[PDB]
Amino acid sequence: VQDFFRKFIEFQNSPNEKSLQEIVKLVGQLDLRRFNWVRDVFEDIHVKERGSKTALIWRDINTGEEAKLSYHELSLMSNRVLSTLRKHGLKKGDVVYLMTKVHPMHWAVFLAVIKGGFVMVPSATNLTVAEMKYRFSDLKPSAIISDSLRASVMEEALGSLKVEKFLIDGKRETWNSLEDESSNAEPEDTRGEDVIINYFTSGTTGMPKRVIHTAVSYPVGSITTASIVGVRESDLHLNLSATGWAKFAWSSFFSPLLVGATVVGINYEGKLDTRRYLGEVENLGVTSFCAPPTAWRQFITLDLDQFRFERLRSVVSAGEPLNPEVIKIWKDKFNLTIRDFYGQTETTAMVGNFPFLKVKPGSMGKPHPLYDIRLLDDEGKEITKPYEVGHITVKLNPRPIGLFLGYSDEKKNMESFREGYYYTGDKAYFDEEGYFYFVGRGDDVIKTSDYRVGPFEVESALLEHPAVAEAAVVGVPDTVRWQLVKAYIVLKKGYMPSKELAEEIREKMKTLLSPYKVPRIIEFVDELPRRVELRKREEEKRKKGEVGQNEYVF
Amino acid sequence: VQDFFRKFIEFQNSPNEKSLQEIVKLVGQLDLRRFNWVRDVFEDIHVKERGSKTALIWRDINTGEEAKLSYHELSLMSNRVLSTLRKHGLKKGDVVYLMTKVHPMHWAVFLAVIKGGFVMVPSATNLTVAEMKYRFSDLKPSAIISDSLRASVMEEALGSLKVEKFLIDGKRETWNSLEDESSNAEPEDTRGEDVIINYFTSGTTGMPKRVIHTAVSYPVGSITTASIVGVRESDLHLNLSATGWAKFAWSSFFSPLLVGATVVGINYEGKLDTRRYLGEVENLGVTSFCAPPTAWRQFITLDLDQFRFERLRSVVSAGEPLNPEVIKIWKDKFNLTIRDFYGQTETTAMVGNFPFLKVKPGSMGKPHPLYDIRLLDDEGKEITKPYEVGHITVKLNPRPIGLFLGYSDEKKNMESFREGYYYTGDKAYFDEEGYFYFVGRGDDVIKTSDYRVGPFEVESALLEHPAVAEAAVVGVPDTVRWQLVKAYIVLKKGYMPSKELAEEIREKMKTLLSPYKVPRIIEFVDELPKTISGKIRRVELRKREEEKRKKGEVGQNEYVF
Amino acid sequence: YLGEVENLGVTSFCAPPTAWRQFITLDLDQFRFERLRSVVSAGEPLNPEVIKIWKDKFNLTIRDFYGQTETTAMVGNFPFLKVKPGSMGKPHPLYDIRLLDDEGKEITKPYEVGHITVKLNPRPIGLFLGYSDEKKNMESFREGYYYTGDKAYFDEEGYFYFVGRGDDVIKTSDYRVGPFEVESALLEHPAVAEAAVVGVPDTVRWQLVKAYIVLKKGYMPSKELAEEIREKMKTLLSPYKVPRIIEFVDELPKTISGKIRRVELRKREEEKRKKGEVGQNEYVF
Ligand SMILES: CC(=O)OP(=O)(O)OC[C@H]1O[C@@H](n2cnc3c(N)ncnc32)[C@H](O)[C@@H]1O
Ligand SMILES: Nc1ncnc2c1ncn2[C@@H]1O[C@H](COP(=O)(O)O)[C@@H](O)[C@H]1O
Ligand SMILES: Nc1ncnc2c1ncn2[C@@H]1O[C@H](COP(=O)(O)O)[C@@H](O)[C@H]1O
């Protein structure tokens, strides 16, 4: 039944409770034994029925460069990619690292990979030589693809491992172009359970592990997302997110292209300019906008009488909680509710405020009916009481569609999947109306600025500084970024705790760690205690507005 | 006046800002009305004080040959040249083409020319019969001097012009030896402003024209070079450069022999063997080494744990920008900074990271105080604000010493010498500390692989193919060679765009043009973007290439070789 | 030659792609070709762009078609058959043409590459008796099939596309060339210790004969040496066989067997082409 998508697309143009349930039931009747979302959905529905609709409107707010691509031109451009890859001897299942800015050719490559049945490893543009070498140790690349802005970082992290390398913008010695081949390569007949994506995600214990997604988990899971988001074919849909993560796939790629919408993509280097980006949203007449609460928190501090947003109809958030006061300010002004919704790299959207659902501020809504979401207590017994906190879990019989295969780590599978549930390692409570409220991680995992961060990874990099004897990294409350990365450091004898030392250590960490990971606070202490108790101690200090004796804030 | 160079040579052994300024002032007080650098510096300082020190160590990495000359033997050998020339009736001012490989007899001839007040025309060994015929049309030779490897090319380009011909290595019918007359002929009492060198260089407008250098401009301007380079009397100094250009007179000849150092010269035919050349650098214990970024880029790709370079203390680059990453790799390994410096055939070194100057990567350093260097905007007003790009210019009242006399082309003088400034046609910005950063050409001049290339010259050669109606040659970014030569060609009615045609045209170009000039890319187009007047917008051909690069596409009739 | 074609009013013209490639570079408004109705090519692939130029001008399709010394024409664009460019057309029904895979099973799928073979029961008529060499017959005639040693794929309409040789055989300028023959002649030169002869991509002649040479101790890799070797080879070898390039190397990349990886010689050539660089002692004539 590909008639599913045609029914789905209509559901979107005016959804409701009842018609949702039909969509749900119809997914259960899909044949997903052999599936390939590009062939079966992109080409067979969208390129065929609306080949000359605008698939992408792109702009770089720094350079000025702009591009407009129809579903046709994009399909062609993607085939040139896939032809070029195949020409360099890329078989199905081969590993392809992808590290580029927001750019048409990114979508292009996405398509080429999904169509060609490759394993793509999205890599963000801010990843360091060190972090990239880690990745290569864990999974070896058959091919890598970059922009010219980050070619040297790939080149250096590689050293001299044999790979086929490719540039999306410009030439460089021993890098290849992507459009020198044919505008038609044939689909790879993928099984639905075949692997197409690996995502390195941070966890509490170790260095980052791979999350494994299939030719259906994201390409068909995204339904749940698209349905919560309320993205339509008519829409111009902008998702403010970066290139090497799930949320790009989630909303910059799959959710819009599922429903045949116009994707809007905006690239910027460096720090977000909230008043120019928001102006470009209006200037491009986006109608559906996904942005992370970090962005939203910055937007509401603007003078909001600069903007009309005549065209803007749907507004959405994901990745962190959405302060009730943010929701309210944006509503009072533009008469739109910012609908928060929930998921992980491991999943698609699992819980969410749908378009037709009454929003309760600072609630992520209620479960999407395609996921069997349960709050369990410490014994793993199901919670049936308001205002009782517990573990967010996903029931595995029957196995929801958008759920990853598992981790590349067998220990981590043993912890997460058990007694017939996948544990998200998130905590929540529900209320008297069954609305879910995020409480936090049961882990020590951190989320600064909509980036998941592993403590041991930062502790590790910290011991690389000669001064550092011991280290413990925790997250500390911050209204702007949800949490800050703080490091407790025990110093070697010889170092005296100074501002200039804290800085020197931080600057070192910047060469080893992605910026979001580099501690914003460094506190030197005589000894370490129980990352739990580091947090508890911070809390009692907050209530007396007192700094630590050698706590240095950046 | 001799005392100048003795003060200079000391400055070198330990230089700084302040003592540089003293040097500057002292040059301004030299009496250079009648001057001859061979007599007055080579002979009177070096041959006299260090006659039996090694002036030159030479080595051919192909043949294996090594040969060593002292300041004396070289002075003698050069006099035999000058005696031999004079014997064949060469008066002052007479034109002498010099086309040879790296070889002692090259230095010899340099000397003989400077001493005898002749006009030498350095000619490169990869110049074609066609290129050479062009040269002869523009400046008729009184004598020509070659190695045996390139005698045929001169013989053919000559046709049946009367000239005296000479071989530096081996026998050939109707070619003469240079060492057969007595090693005793006298200086020509040259005016300091008398012409001794002509360099054919490419411009953005036409066929290549002669840059005119005097008995002081290079022989004494090279101070600026020597000073940035940081070459001493103690040093064994090697310059990776070719015979027919100005970088040779710069670091292979003048800069070392000024300070009484030992010159190191290495000859190779064909492709540079990076591992063998670097091995020969180490093996000969060179101490000062100047190579171009092209070379440097290639060196850093080696496994560099093969080398110690225990004897190397100075490393320098010039001719194109020097990637910060090159500088870094070489430093981390051998604990030396590759010091970038800037200039052109028309000048000596004008801007440079001197020995004592903290290097900011991707900056060519600060201006040498013997040139009055100014960034001007398009309207010709002086820029005094950081991070604003403009034209690099040289203020002409008073006229700096290392600056050429002008071009042999009056149109090109009209464009370069304007309102009391000479325009280099290079663009740059300076920072808050007065460090200069290269932006690129404001011309359409091209720089492949540290060779300056003229568009019209390649466009001309392209019209020689019956199929070609018009042509527009621009450079395209390339990390290995700075720029690639691309040609846009409009075809005559009757011929159709094919790869096979593109090739046929390129192979033709190979017989007419030096290899560096032969387009690496050929694109057929229906028309070339023009202004209202009908003038080609080479600018917009470049812009178009850029937009195509940023969506990783090659063109619909672009053929890459 | 094309002036003489027109002047004699030829009506059917076979020429090889080498010739065709050269013709299309002319100014073709010099000719009418009043009398010419059929144009055909054989022996190497026929570039789609060549086909098109000649068509746009004279309104004729150059029909490529396929075969070997061992056979007659086995596959071809017949006059009544719609040409798909860069396809040698469909099999002649008087040959039983089969694509077989590596295991020797018959290919039943579009866009799958394999060996062009001739099925031997019954034995087609234009097929040679065999070679005068019984070893070479044992290689070419196997498990009921004569192998052409060419590789191809077919499409959904049964049109064949040439992929290349399974062999190390070379075709410069529509002349089939044996490596060992040239390697042998090269060891005749005192200086030559080892030799590997490969074909390198060339638009004009399809492939160039290039020689990799390892030198005996004593001789130094020079242009003058390369030439001296080449001029010797001119007295021994038919011109088409005389290497157009000679590259001296320290060693030839080899398998565990000692067999030359002409594979990796080609891959290396490719990476060097993309930087328009010659090898350290590669001499092009
Ligand atoms: C070296 C020489 O004599 O060159 P020459 O052939 O006369 O050409 C002169 C042109 O070289 C370029 N150039 C020279 N030095 C440079 C440097 N340090 N950084 C960047 N560009 C540099 C400029 O563009 C000049 O105008
Ligand atoms: N709407 C949300 N509210 C609160 N936490 C969220 C929300 N969305 C995502 N998260 C957190 O982010 C994690 C997933 O991060 P990532 O793998 O980067 O998408 C989840 O495990 C949650 O803890
Ligand atoms: N039309 C063609 N396209 C590609 N290769 C061809 C073609 N015709 C001949 N060849 C090659 O040339 C060989 C024939 O060699 P010969 O016996 O000299 O004609 C075949 O085995 C092919 O590999």
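Numbers for the structure displayed
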quantity: Taking N as its residue count, the alpha carbon Rg of segment B:313-372 over 2.2 N^0.38 Å; calculated: 1.12
quantity: Semi-axis lengths (Å, descending) of the ellipsoid that matches the C-alpha gyration tensor of segment B:428-561; calculated: 28, 17, 15
quantity: Chain C: relative contact order as a whole-number percent, Cα under 8 Å and 6+ apart; calculated: 11 percent
quantity: ³J(HN,Hα) computed for each position of segment B:200-209 - Karplus, 6.51 cos²θ - 1.76 cosθ + 1.60, integer Hz, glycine/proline x; calculated: 6, 10, 6, x, 8, 10, x, 6, x, 10
quantity: Rg/Rh (Cα only; Kirkwood hydrodynamic radius) as it applies to segment C:146-203; calculated: 1.14
quantity: Interchain or long-range residues, amide H under 5 Å from C:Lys254's placed H; calculated: C:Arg261
quantity: Ranking of B:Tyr495, A:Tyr277, C:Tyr131 by count of other Cβ atoms within 10 Å, fewest first; calculated: C:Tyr131, A:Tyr277, B:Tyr495
quantity: From phi via Karplus (6.51, -1.76, 1.60), per-residue ³J(HN,Hα) for segment B:323-336 in Hz, x at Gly/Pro; calculated: 3, x, 7, 5, 4, 5, 5, 6, 4, 4, 8, 9, 6, 9
quantity: Segment B:1-99: GluC sites (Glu not before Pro) in DSSP coil with no more than 13 other Cβ atoms inside 10 Å; calculated: B:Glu65
quantity: Partner chain coverage, peptide B:497-503 - average Cβ within 10 angstrom; calculated: 6
quantity: ³J(HN,Hα), Karplus 6.51/-1.76/1.60, whole Hz, each residue of segment B:519-525, x for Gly, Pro; calculated: x, 7, 10, 10, 10, 8, 9
quantity: Antiparallel DSSP beta bridges within chain A, percent to nearest 5; calculated: 60 percent
quantity: A:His88, B:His391, B:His237, B:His46 arranged by Cβ crowding within 10 Å, fewest neighbours leading; calculated: A:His88, B:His391, B:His46, B:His237
quantity: Overall form of segment A:111-191 per C-alpha gyration tensor (a/c, 1.5; a/b vs b/c); calculated: oblate
quantity: Segment C:14-79: radius of gyration over Cα atoms, expressed as a fraction of 2.2 N^0.38 Å; calculated: 1.14
quantity: Residues C:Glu183, B:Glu179 arranged by fewest to most Cβ contacts within 10 Å; calculated: B:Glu179, C:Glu183
quantity: Segment B:227-362, dipole about Cα centre (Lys/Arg Cβ +1, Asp/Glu Cβ -1), debye to the nearest 20; calculated: 300 debye
quantity: Counting DSSP beta bridges with both ends in the protein assembly as shown, the antiparallel % (nearest 5); calculated: 65 percent
quantity: Long-range HN-HN contacts of B:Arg339 with modeled amide H, under 5 Å; calculated: B:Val315, B:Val316, B:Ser317
quantity: FRET efficiency, C:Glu6 to B:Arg172 (Cβ-Cβ, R0 41 Å, nearest 0.05); calculated: 0.25
quantity: Which of C:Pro85, C:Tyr146, C:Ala196, positive extreme of dipole for chain C (C-beta unit charges); calculated: C:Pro85
quantity: Angle between chain C longest axis and helix C:223-236 axis [Cα atoms, degrees, rounded to 10]; calculated: 60 degrees
quantity: Rg over Rh [alpha-carbon atoms, Kirkwood Rh] for segment B:238-380; calculated: 0.97
quantity: Two-site FRET efficiency, C:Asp202 against A:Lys133, from Cβ-Cβ distance with R₀ of 60 Å, rounded to 0.05; calculated: 0.90
quantity: In segment A:138-173, trypsin sites (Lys or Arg not before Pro) in a DSSP loop with at most 14 other beta-carbon atoms within 10 Å; calculated: A:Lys162
quantity: Dipole magnitude of segment B:38-87 about its Cα centre (Cβ charges: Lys, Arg +1; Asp, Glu -1), debye to nearest 20; calculated: 200 debye
quantity: Loop trypsin sites (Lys or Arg not before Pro), segment B:346-440, which have at most 13 other Cβ atoms in a 10 Å radius of their Cβ (DSSP); calculated: B:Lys358, B:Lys381
quantity: Calculated Rg and Dmax of the protein assembly as shown using C-alpha coordinates, Å; calculated: 37.0, 115
quantity: Of every Cα-Cα pair in chain C, the percent that sits beyond 25 Å; calculated: 57 percent
quantity: Interatomic Cα distance distribution for segment C:1-140, bins of 10 angstrom, percent; calculated: 10, 34, 29, 17, 8, 0
quantity: FRET efficiency, 1/(1 + (r/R0)^6) with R0 60 Å, evaluated for C:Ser38 and A:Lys358 via beta carbons; calculated: 0.15
quantity: Zone residues, segment A:468-488, relative to A:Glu504, backbone N less than 20 Å from point 7 Å out along Cα-to-Cβ; calculated: A:468-472, A:487-488
quantity: Average beta-carbon neighbours from other chains, 10 Å sphere, peptide A:171-180; calculated: 5
quantity: Net dipole in debye of chain B [+1 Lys, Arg Cβ; -1 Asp, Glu Cβ; about Cα centre; nearest 20]; calculated: 240 debye
quantity: C:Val249 long-range amide H proximity, modeled H, under 5 Å; calculated: C:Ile213, C:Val214, C:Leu215
quantity: Pairs of alpha carbons in segment B:173-275 whose separation is greater than 16 Å (percent); calculated: 70 percent
quantity: Entries of B:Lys395/B:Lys535; B:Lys115/B:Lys247; B:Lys101/C:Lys241; C:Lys136/C:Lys241; A:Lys271/A:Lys541; B:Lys510/C:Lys267 with Cα pairs more than 24 Å apart; calculated: B:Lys395/B:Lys535; B:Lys101/C:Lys241; A:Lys271/A:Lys541; B:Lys510/C:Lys267
quantity: Convex hull volume per residue for segment A:381-459, taking Cα atoms only, in Å³; calculated: 139 Å³
quantity: Estimated translational D of segment B:260-343 in µm²/s (Stokes, Kirkwood radius over Cα pairs; 20 °C; 1.002 mPa s); calculated: 161 µm²/s
quantity: Listed pairs B:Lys18/B:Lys331; A:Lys87/B:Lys530; B:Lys87/B:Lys140; A:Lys328/A:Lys427 exceeding 31 Å between Cα atoms; calculated: A:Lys87/B:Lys530
quantity: On Cα atoms only, tilt of C:48-58 relative to the major axis of chain C in degrees; calculated: 50 degrees
quantity: Equivalent ellipsoid semi-axes - Cα gyration tensor, segment B:74-139, angstrom; calculated: 22, 15, 8
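Cβ sites come from the backbone with ideal geometry, for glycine too, and all protein chains shown count toward neighbours. No value in this document is a laboratory result; all are computed from the given coordinates.
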